[PDB]
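As structure tokens, the structure follows; a few thoughts come after it.
Ideal geometry is used to build each Cβ from the backbone, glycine not excepted, and the neighbour counts take in all protein chains shown. What follows draws every value from the coordinates through simple rules; no lab data is involved.
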């Protein structure tokens, strides 16, 4: 875990993200990544959203999107509002085409 | 036994024994406490038997051989810890430690945000743990009702509030509406499983009772109920709507159509028209009341009987006259009852005798009479058994009167106030939370009897034994309850007076000025022990603390023996100083004067017994030894 | 336990051990730890049937005073775990009905009622004299039930800061088979009747002052054979007219009335084989909240 | 190990088990679970009991010293222990210890009266308990499976010693159940009719069982000396109430032998296998 | 099932359904319980035989609808039961797809 | 425990010290007839003066509720009498004791009324 944390910090500093995303990994590494990035703010939430999509994780991406939208109900930054409206259009576009579980969840009342 | 020989002017009888705070030493039984005979029963049962052992022929052998002792307890819960904990740590901040006198005093604080934190946490817990009780729900009910009548919500703290009387009335009413919105959630969730488009008019009645036009319309549309949906908007239309309905229904009366139309839609019509009771041509009384709550009654009254934007009080006044006698006539509305009582039936009006039979009321209604008028007479307000089935847990009433004081509604007898304090603190006793019963008690202003109640509770709960749990308790009491350790060490002093722990009796009796007793302990035991065993350190500590002139002026004969032994200690110790030294004549002469003085004071005392004889013998032998030593050492080289 | 009927069971102040008086001329003494129990001691030296033994105040230690038929007033001390008689009185001529202790405040003193129609108050110095004061013709006929005034003399309202020492001149009550229940004050160094009461037309059975906890309202239960139960109250020292209230109209001879410590609840012995636990609600008023056979 | 060590061990065992079971004058009741026993605990206890029995047999001084120990009272201790229900190996050990104790005649009398007060086995059939229990039961279940039956013989020797040392002073007058006849019928039927009916992995068992029963009957015969008044009355007017008062156990055992008795038949058997 | 005997449980169920006996409303619960086995990584799964199971399921649900309405009661939970049934068959499809994936990845 | 009827000398000495203790040991060990006598002379001494024989000291002329004695043991033995009935000898003894108690109660009410005049 110390090695993982050091790699995460240093690769964040010198920008080797796309290179890193192109490797074989392990479930523990991704689980620790998710745990670390979950509690580290909104911007890390959208970055890990991108990572979900990069590893084709659309259900989890949508769950994270729901969490972010629920979070952003008291935030009032205008750049954040622009990005969040874009994100809402994004998720409305994506979720309807995905497998049918989220379609049943959409058929369910909210 | 059987008393069957009743003569006249008979003999004597008997009583079981009391135990502390309604504990009972009982040879008999209360509900089901004692057992019958035989160790073996068909349905897998085992029981006792003692009495027939000595006899092969019984003579109604009725003699006790175990008397049990029980303490009355409500419920069996062990999680009520936090339940009692939280509100009490709320008064923690909403009160103040009046340090007046050595015994402090507690007085609450007028903070009304206490109401908000109370009730808000009630919900917070009610959501964090899905294991709350219906009684918890009842107390949240009372929380919300009091908040509505006085407390300030957030929807009008995020919006500027306005002082016009009309603004106040409508704001109280809109808060009341949001309240009902919160309340009727579970009611809707229950009857929603019950009903359907088959029961759709019953759903109409429920939706009207809620004023929940929004989701009513949503349902009607998801079902495609267009006519009904259009009717829905008309429910709170203009007064012209009701003029329409009056003339229209007078027409239907002239038309006799009711005989051909179910009274189901007709009661919908009564609900729309604001007609609670219908008098047909057959004088058929079609009443609107069904399945409701009295809450729902007065809500209907608000929305529909008068302008829905009207005030609280006059609508209440009409509702009360409606379920009361009007002109000697029959009540026509719902008579309020506490929850466990509408569990046993409820009324919709009429026949005031069936109201006279028992039919008590609810206390939030009392809250309402107060909020209206202060000429009202309060003798009945807080009594949780009147609103809950169980007798105990006076949190409700007691936190309630606390809030009443915070809101200046201090308007009733300290008789009953301190009564409730004592009752709930006795509950704290029963559960084992004495250091919070203290918190309860210190809100009375009677220092003497308060000190008393504290004294006997701390005598139940002084733990002289070493314990980190005791550690936490005293940290609480001194640091937080600000109680002087004076009282705690009095507890330890009497407890050691009964149990015998020298380390504590010595200190505490010395502080309590018990000099003759300190004599008959230290001199009798410790003096001999230390002189025999050469462990003089602790002993010299105690003699030094005895030697305090502030003590001495009240002490008698401390000079006689006490500083006597003390000066012997000084002599031996400065001799040891002389031993670590090699040449000090101006100290040898001090020792020589001291020994000459002491050689004539050694024998005046001691020999109270053979033990005193031993003490005197050892004292004289040691003083002679020290005298010969100093005389030998003070010789020229 | 004993092998007979039970007269009076008395708990220690610790609430860990029992004195228990019986007609067996014996008192059993049991420590109670765990499910089992231990008769740490039984004590004998008693006559008649045993009436009652009472703990003196804990500020002095382990002290029990027992009243016996056959004219025997037994005064036991505990020491070294051993319970020893420090005094006896006889010179009374009819059975001493009951003996009752005062709190630490007034000291080591026991009131004692006699079936002689008389009283004796016994001060004890604590280590010294047994100061005896006989009240002859205390009642015209035998004395049934008596009651101290609980702890300190009047003055218990909002007072000056703590650690005060008021005056200590006593009060009490007693009702007897003279049909009369009277109340007394320590007047002129004598003890003169504050009041006399003839409401129960019959012989008085038991009296019970609430060991009141924080109420200026002095309240005292009174039971006789009449079937009427009178709680007599005075909300303050200015209430010179005691007020009777029917707790309940039973129909039997009601024998015992006994609040416990906090006085919240009263145990009632009547001609019903059952003792009834009544209580004032938070709104007052007598609620028979329990019933127990002996 | 010492008298002190073994005795505090036993007293703590017993106090624990009396918290795990009801108080005295009982056998069983719902209570907290008992103490856990290791096979090592079993080995140590049984061995130490063998030692103690050997010592108390060979030394009367140790026996009297043990019976006199006012701070141990193994009498009441073992009373509670046999009132306890347990793998009856140790209950049997208790019994054989009491047998070795009874060698003192007044100790024997104390044991006799104590056991009659206790009614370990079945004496009074008045209800108020689970009656009809004891060695009968465990014989039904366990000894049968083992094919080894030592408790039966040990308790036989128990009554043998009890009767030979202590003699009846009383047995019941409306206070107890007078007469050994209960355990008489017990032993004759349950054992003396049933000893031959047993399964044995080793044949040697039958011999020593039969000896354990025969010797007992011999002490019965040897001790019972008839009298002319043995023939007088069976119903006695308790306050003008003719009540059944069963004949001398001797009287009865003779007359049974004097007519056809299965004792005759088993005596025969004995002879043929001899 | 109760002792989680996956192999012979599934084999018995296959044999029983190939026997083609009992009313449809109960083959509902039949495959409802067959679910977690279908979930578990098993190679004996013959997806084609599973699919005569499902095509008979289609046949039977069509026949059930023709013979009667699945829900004659109008309540908040009737549509819940229905949409639950469609979700069930959707789960059938998705789980079968996963099983086919695992079978292929094991055919390597 | 060894079946010994109580010796007369012990009877007289230990009664002349005390008797009700003997009474409840009659009870405990079936000494029922003898208890019945003990009761008979109890009542007779109530009528006269035999407390000396009982180890009792109160002067006796008659009986009243203000004079203590084990009415409890009395009534428990009445219980034993009621329970131990299967035979008419017992019924005769009963009727006798009943008669005794009736004469007792009648003169007892006489003296009780006399005291009520006080």
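Tell me whether the stretch D:66-74 contains one or more residues that are in contact (Cβ under 8 Å) with a residue 24 or more places away in the chain and part of a loop (DSSP other than H, G, I, E, B).
Scanning the stretch D:66-74 turns up at least one residue that is in contact (Cβ under 8 Å) with a residue 24 or more places away in the chain and part of a loop (DSSP other than H, G, I, E, B).
Going by the structure shown, is residue C:7 on the phi < 0 side of the Ramachandran plot, assigned to a loop (DSSP other than H, G, I, E, B) and crowded, with 18+ Cβ neighbours inside 10 Å?
no
Inspect all residues belonging to the stretch C:274-286 and state whether any of them is under 22 Å from the mean Cα position of the chain (by Cα) and within 8 Å of another protein chain (Cβ to nearest Cβ).
Checked against the condition, which is being under 22 Å from the mean Cα position of the chain (by Cα) and within 8 Å of another protein chain (Cβ to nearest Cβ), the stretch C:274-286 yields at least one hit.
Going through the stretch C:101-113 one residue at a time, which ones are closer than 17 Å to residue C:191 by Cα and under 13 Å from the mean Cα position of the chain (by Cα)?
Selection gives C:102, C:109, C:110, C:111, C:112, C:113.
Does the stretch D:131-148 hold any residues that are within 14 Å of chain B (Cβ to nearest Cβ) and surrounded by 17 or more Cβ atoms within 10 Å (Cβ to Cβ), and which are they?
Passing the criteria: D:131, D:133, D:134.
If only one of B:83, B:13, B:59 is surrounded by 15 or more Cβ atoms within 10 Å (Cβ to Cβ) and more than 41 Å from the chain's Cα centre (by Cα), which one is it?
On inspection, the qualifying residue turns out to be B:59.
Inspect all residues belonging to the stretch B:386-395 and state whether any of them is exposed (fewer than 15 other Cβ atoms within 10 Å of the Cβ) and free of Cβ contacts under 8 Å to residues at least 24 places away in the same chain.
No, there is no match, as no residue in the stretch B:386-395 is exposed (fewer than 15 other Cβ atoms within 10 Å of the Cβ) and free of Cβ contacts under 8 Å to residues at least 24 places away in the same chain.
Pick from B:39, B:91, B:133: which is out of contact with any strand residue (DSSP E or B) (no Cβ under 6 Å at 6 or more places or on another chain) and surrounded by fewer than 17 Cβ atoms within 10 Å (Cβ to Cβ)?
B:133 is the lone residue from the list that is out of contact with any strand residue (DSSP E or B) (no Cβ under 6 Å at 6 or more places or on another chain) and surrounded by fewer than 17 Cβ atoms within 10 Å (Cβ to Cβ).
Counting only residues that are surrounded by 13 or more Cβ atoms within 10 Å (Cβ to Cβ) and in a helix (DSSP H, G or I), how many does the stretch D:231-261 have?
Total meeting the criteria: 8.
Return only the number of the condition from (1) free of Cβ contacts under 8 Å to residues at least 60 places away in the same chain; (2) within 14 Å of chain B (Cβ to nearest Cβ) that residue D:55 does not satisfy.
For residue D:55, the exception is condition (2).
If residue B:549 satisfies all but one of (1) under 21 Å from residue B:517 (Cα atoms); (2) surrounded by fewer than 17 Cβ atoms within 10 Å (Cβ to Cβ); (3) touching a residue at least 60 places away in the same chain (Cβ under 8 Å), what's the number of the condition it fails?
In the conditions (1) under 21 Å from residue B:517 (Cα atoms); (2) surrounded by fewer than 17 Cβ atoms within 10 Å (Cβ to Cβ); (3) touching a residue at least 60 places away in the same chain (Cβ under 8 Å), residue B:549 misses (3) alone.
Only one of these conditions is not met by residue D:30: (1) under 21 Å from the mean Cα position of the chain (by Cα); (2) exposed (fewer than 13 other Cβ atoms within 10 Å of the Cβ); (3) within 14 Å of chain B (Cβ to nearest Cβ). Which number is it?
Against the list (1) under 21 Å from the mean Cα position of the chain (by Cα); (2) exposed (fewer than 13 other Cβ atoms within 10 Å of the Cβ); (3) within 14 Å of chain B (Cβ to nearest Cβ), residue D:30 comes up short only on (1).
List the number of the failed condition for residue F:50; all other conditions in (1) without any contact (Cβ under 8 Å) to a residue 24 or more places away in the chain; (2) within 25 Å of residue B:63 (Cα to Cα) hold.
(2)
Restricting to the stretch B:476-486, and then to whatever is within 14 Å of chain C (Cβ to nearest Cβ) and touching a helix residue (DSSP H, G or I) at 6+ places or on another chain (Cβ under 9 Å), can you tell me which residue is farthest from residue B:419 (Cα to Cα)?
B:486
Yes or no: residue E:53 in contact with a helix residue (DSSP H, G or I) (Cβ under 7 Å, 6 or more places away or on another chain), away from every other protein chain (no Cβ under 14 Å), in contact (Cβ under 8 Å) with a residue 60 or more places away in the chain and surrounded by 14 or more Cβ atoms within 10 Å (Cβ to Cβ)?
No.
Which condition breaks for residue D:199 when tested against (1) surrounded by fewer than 15 Cβ atoms within 10 Å (Cβ to Cβ); (2) farther than 24 Å from residue D:136 by Cα?
All conditions pass for residue D:199, except number (2).
Just to be sure, is residue F:90 exposed (fewer than 13 other Cβ atoms within 10 Å of the Cβ) and more than 24 Å from residue C:142 (Cα to Cα)?
no
In the stretch B:319-337, how many are assigned to a loop (DSSP other than H, G, I, E, B), crowded, with 18+ Cβ neighbours inside 10 Å and in contact with a helix residue (DSSP H, G or I) (Cβ under 6 Å, 6 or more places away or on another chain)?
Of the residues in the stretch B:319-337, 6 are assigned to a loop (DSSP other than H, G, I, E, B), crowded, with 18+ Cβ neighbours inside 10 Å and in contact with a helix residue (DSSP H, G or I) (Cβ under 6 Å, 6 or more places away or on another chain).
Failed condition for residue B:141, given (1) assigned to a helix (DSSP H, G or I); (2) in contact (Cβ under 8 Å) with a residue 24 or more places away in the chain; (3) touching a helix residue (DSSP H, G or I) at 6+ places or on another chain (Cβ under 6 Å), with all others met?
With respect to (1) assigned to a helix (DSSP H, G or I); (2) in contact (Cβ under 8 Å) with a residue 24 or more places away in the chain; (3) touching a helix residue (DSSP H, G or I) at 6+ places or on another chain (Cβ under 6 Å), residue B:141 is out only on (3).
Being surrounded by 21 or more Cβ atoms within 10 Å (Cβ to Cβ) and within 14 Å of chain B (Cβ to nearest Cβ) is true for just one of C:32, C:27. Which residue is that?
C:27
Taking the residues in the stretch D:158-175 that are away from chain B (no Cβ under 14 Å) and surrounded by fewer than 17 Cβ atoms within 10 Å (Cβ to Cβ) as candidates, determine which candidate is farthest from residue D:205 (Cα to Cα).
Only one residue fits best here, namely D:169.
Go through the stretch C:1-17 and give me each residue that's facing chain B (nearest Cβ under 7 Å) and closer than 16 Å to residue B:71 by Cβ.
Result: C:9, C:11, C:15.
Of all the helices (runs of 4 or more DSSP H) wholly in the stretch F:1-94, which have at least 3 residues that are under 27 Å from residue C:116 (Cβ atoms) and away from chain D (no Cβ under 14 Å)?
F:32-47, F:71-83
Considering (1) buried (at least 16 other Cβ atoms within 10 Å of the Cβ); (2) over 29 Å from residue C:216 (Cα atoms); (3) free of Cβ contacts under 8 Å to residues at least 40 places away in the same chain, say which one residue B:360 fails and leave the rest.
If we test residue B:360 against (1) buried (at least 16 other Cβ atoms within 10 Å of the Cβ); (2) over 29 Å from residue C:216 (Cα atoms); (3) free of Cβ contacts under 8 Å to residues at least 40 places away in the same chain, just (1) comes out false.
Only residues that are in contact with a helix residue (DSSP H, G or I) (Cβ under 8 Å, 6 or more places away or on another chain) and more than 18 Å from residue B:107 (Cα to Cα): list them for the stretch B:444-475, please.
Passing the criteria: B:455, B:457, B:458, B:459, B:460, B:461, B:462, B:463, B:464, B:473, B:474.
Give me the residue from the stretch C:35-45 that is in contact (Cβ under 8 Å) with a residue 40 or more places away in the chain and closer than 22 Å to residue F:24 by Cβ and, out of that set, farthest from the other protein chains (Cβ to nearest Cβ).
Going through the qualifying residues, I end up with C:43.
So if I check each of E:9, E:63, which one is in contact (Cβ under 8 Å) with a residue 12 or more places away in the chain, part of a helix (DSSP H, G or I) and exposed (fewer than 13 other Cβ atoms within 10 Å of the Cβ)?
E:63
From the list B:489, B:503, B:525, exactly one residue is more than 14 Å from chain C (Cβ to nearest Cβ), part of a helix (DSSP H, G or I) and under 23 Å from residue B:607 (Cα atoms). Which is it?
Unique residue meeting the criteria: B:525.
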